[PDB]
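Student: Have a peek at target.txt (compact mmCIF, C-alpha atoms).
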```txt
# COMPACT_ATOMS: atom_id res chain seq x y z
CA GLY A 1 3.09 16.77 11.98
CA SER A 2 3.14 15.07 8.58
CA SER A 3 5.91 13.30 6.67
CA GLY A 4 5.89 14.42 3.04
CA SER A 5 8.52 15.38 0.48
CA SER A 6 9.70 18.38 -1.54
CA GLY A 7 9.81 18.70 -5.31
CA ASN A 8 13.49 18.12 -6.06
CA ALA A 9 14.14 15.59 -3.30
CA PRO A 10 12.57 12.15 -3.87
CA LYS A 11 9.41 11.07 -2.05
CA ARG A 12 9.76 8.87 1.04
CA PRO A 13 8.93 5.15 0.66
CA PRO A 14 5.67 3.73 2.05
CA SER A 15 5.44 1.60 5.20
CA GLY A 16 4.06 -1.91 5.54
CA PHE A 17 1.13 -0.17 7.21
CA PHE A 18 0.48 2.21 4.31
CA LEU A 19 0.99 -0.26 1.46
CA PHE A 20 -1.87 -2.19 3.06
CA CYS A 21 -4.00 0.91 3.63
CA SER A 22 -3.65 1.91 -0.02
CA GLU A 23 -4.50 -1.62 -1.12
CA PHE A 24 -7.51 -1.81 1.20
CA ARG A 25 -8.64 1.75 0.45
CA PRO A 26 -10.30 0.62 -2.81
CA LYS A 27 -12.67 -1.69 -0.95
CA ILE A 28 -13.60 0.82 1.75
CA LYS A 29 -14.30 3.39 -0.97
CA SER A 30 -16.26 0.72 -2.84
CA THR A 31 -18.16 -0.43 0.24
CA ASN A 32 -19.01 2.91 1.85
CA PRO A 33 -20.98 5.54 -0.10
CA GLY A 34 -18.71 8.54 -0.58
CA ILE A 35 -16.73 7.88 2.60
CA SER A 36 -14.90 10.93 3.93
CA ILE A 37 -11.10 10.69 4.02
CA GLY A 38 -11.38 11.05 7.78
CA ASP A 39 -13.58 7.96 7.98
CA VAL A 40 -11.34 5.75 5.85
CA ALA A 41 -8.39 6.79 8.02
CA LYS A 42 -10.09 5.68 11.23
CA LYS A 43 -10.84 2.31 9.62
CA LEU A 44 -7.41 1.66 8.11
CA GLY A 45 -5.56 2.48 11.32
CA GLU A 46 -7.66 -0.17 13.05
CA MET A 47 -7.50 -2.77 10.28
CA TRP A 48 -3.71 -2.50 10.49
CA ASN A 49 -3.49 -3.27 14.21
CA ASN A 50 -5.98 -6.09 13.69
CA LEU A 51 -3.62 -7.86 11.30
CA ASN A 52 -1.18 -10.37 12.77
CA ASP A 53 2.63 -10.33 12.83
CA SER A 54 2.33 -12.99 10.13
CA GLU A 55 -0.02 -10.92 7.99
CA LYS A 56 2.19 -7.82 8.04
CA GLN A 57 5.26 -9.95 7.31
CA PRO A 58 4.58 -9.88 3.55
CA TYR A 59 3.60 -6.23 3.94
CA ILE A 60 6.81 -5.12 5.64
CA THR A 61 9.18 -6.93 3.28
CA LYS A 62 7.65 -5.05 0.35
CA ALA A 63 8.58 -1.75 1.98
CA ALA A 64 12.16 -2.96 2.43
CA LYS A 65 12.61 -2.98 -1.35
CA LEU A 66 11.23 0.56 -1.58
CA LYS A 67 13.90 1.72 0.87
CA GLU A 68 16.78 0.31 -1.18
CA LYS A 69 15.53 2.30 -4.18
CA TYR A 70 15.00 5.48 -2.17
CA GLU A 71 18.34 5.67 -0.37
CA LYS A 72 20.06 5.57 -3.76
CA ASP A 73 18.01 8.53 -4.99
CA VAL A 74 18.47 10.30 -1.66
CA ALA A 75 22.26 10.06 -1.88
CA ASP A 76 22.67 11.43 -5.41
CA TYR A 77 20.35 14.30 -4.48
CA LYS A 78 22.82 15.56 -1.87
CA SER A 79 26.37 16.49 -2.89
CA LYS A 80 28.53 14.51 -0.47
CA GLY A 81 31.57 13.88 -2.64
```
In structure tokens, how does this file's structure come out?
Tutor:
Amino acid sequence: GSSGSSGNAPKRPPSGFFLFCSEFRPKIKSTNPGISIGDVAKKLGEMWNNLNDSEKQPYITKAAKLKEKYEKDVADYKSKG
């Protein structure tokens, strides 16, 4: 399955893995001639694992800030009290 988001409800925050994939996507698309989405995906997935626990460190912390901003929006959305 896929993890997306509806219209009303806010979109889910990216993951240290994605943030990097979206930042590295530009290169791949600039290095490979009209690379198919499927191709870029296969590359990213690998590039991620390749990285070290020290390389993702600065990539995971960034996602932490995106979660603090999401939760807030997620709460208001629902009518708890």
Student: Can you work out the spacing between atom CA of residue A:57 and atom CA of residue A:40 in Å, to one decimal?
Tutor: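 Computed distance, atom CA of residue A:57 to atom CA of residue A:40, equals 22.9 Å.
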Student: Would you please work out which residue, of A:16, A:34, A:1, A:10, is nearest to residue A:53 when using all atoms listed in the file?
Tutor: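 Closest to residue A:53 of all the choices is A:16.
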Student: Report the distance between atom CA of residue A:73 and atom CA of residue A:4 in Å, rounded to one decimal place.
Tutor: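 The value is 15.7 Å.
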Student: When you count all atoms listed in the file, which of these residues is closest to residue A:49: A:7, A:18, A:35, A:63?
Tutor: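 The closest residue to residue A:49 is A:18.
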Student: Mind checking which residues fall within 9 Å of residue A:12, counting only C-alpha atoms, ignoring those fewer than 4 positions away in the same chain, and posting them as an MDAnalysis selection string?
Tutor: chainID A and resid 3:5 66:67 70
Student: For residue A:71, please output as an MDAnalysis selection string all residues within 12 Å (counting all atoms listed in the file; exclusion window: fewer than 6 positions along the same chain).
Tutor: chainID A and resid 9:13 64:65 77:78
Student: Using all atoms listed in the file and a cutoff of 12 Å, can you tell me which residues are near (-2.6, -5.4, 10.4) in the file's coordinates, and write them out as a list in words?
Tutor: residues 15, 16, 17, 18, 19, 20, 21, 24, 43, 44, 45, 46, 47, 48, 49, 50, 51, 52, 53, 54, 55, 56, 57, 58, 59 and 60 of chain A
Student: Just add N, CA, C and O atoms to stretch 64-79 of chain A and send it as a short mmCIF file (atom, residue, chain, number, x, y, z; two decimals), in the frame of the given file.
Tutor:
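Result went into part_29.cif, see below:
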```cif
data_model
loop_
_atom_site.label_atom_id
_atom_site.label_comp_id
_atom_site.auth_asym_id
_atom_site.auth_seq_id
_atom_site.Cartn_x
_atom_site.Cartn_y
_atom_site.Cartn_z
N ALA A 64 10.71 -2.85 2.37
CA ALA A 64 12.16 -2.96 2.43
C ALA A 64 12.79 -2.70 1.06
O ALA A 64 13.86 -2.10 0.96
N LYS A 65 12.12 -3.16 0.01
CA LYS A 65 12.61 -2.98 -1.35
C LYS A 65 12.48 -1.53 -1.79
O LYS A 65 13.27 -1.04 -2.60
N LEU A 66 11.47 -0.84 -1.25
CA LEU A 66 11.23 0.56 -1.58
C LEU A 66 12.27 1.46 -0.92
O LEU A 66 12.50 2.58 -1.36
N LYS A 67 12.89 0.96 0.14
CA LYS A 67 13.90 1.72 0.87
C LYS A 67 15.25 1.65 0.15
O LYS A 67 16.01 2.61 0.16
N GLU A 68 15.53 0.50 -0.46
CA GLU A 68 16.78 0.31 -1.18
C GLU A 68 16.82 1.16 -2.45
O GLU A 68 17.89 1.52 -2.94
N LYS A 69 15.64 1.49 -2.97
CA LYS A 69 15.53 2.30 -4.18
C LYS A 69 15.51 3.78 -3.84
O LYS A 69 15.88 4.62 -4.66
N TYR A 70 15.07 4.10 -2.62
CA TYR A 70 15.00 5.48 -2.17
C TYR A 70 16.37 6.00 -1.77
O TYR A 70 16.84 7.02 -2.27
N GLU A 71 17.01 5.29 -0.84
CA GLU A 71 18.34 5.67 -0.37
C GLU A 71 19.23 6.09 -1.53
O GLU A 71 19.90 7.13 -1.47
N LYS A 72 19.25 5.28 -2.58
CA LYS A 72 20.06 5.57 -3.76
C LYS A 72 19.74 6.95 -4.32
O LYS A 72 20.64 7.74 -4.61
N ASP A 73 18.45 7.24 -4.47
CA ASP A 73 18.01 8.53 -4.99
C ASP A 73 18.30 9.65 -3.99
O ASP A 73 18.60 10.77 -4.38
N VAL A 74 18.22 9.32 -2.71
CA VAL A 74 18.47 10.30 -1.66
C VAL A 74 19.93 10.74 -1.65
O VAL A 74 20.24 11.91 -1.47
N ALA A 75 20.83 9.78 -1.86
CA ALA A 75 22.26 10.06 -1.88
C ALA A 75 22.61 11.03 -3.01
O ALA A 75 23.08 12.14 -2.76
N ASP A 76 22.38 10.60 -4.24
CA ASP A 76 22.67 11.43 -5.41
C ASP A 76 22.18 12.86 -5.19
O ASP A 76 22.91 13.82 -5.44
N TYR A 77 20.94 12.99 -4.73
CA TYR A 77 20.35 14.30 -4.48
C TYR A 77 21.35 15.22 -3.79
O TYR A 77 21.66 16.31 -4.28
N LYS A 78 21.85 14.78 -2.64
CA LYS A 78 22.82 15.56 -1.87
C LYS A 78 24.22 15.42 -2.46
O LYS A 78 24.58 14.37 -2.99
N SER A 79 25.00 16.49 -2.37
CA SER A 79 26.37 16.49 -2.89
C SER A 79 27.37 16.20 -1.78
O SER A 79 27.95 17.12 -1.20
#
```
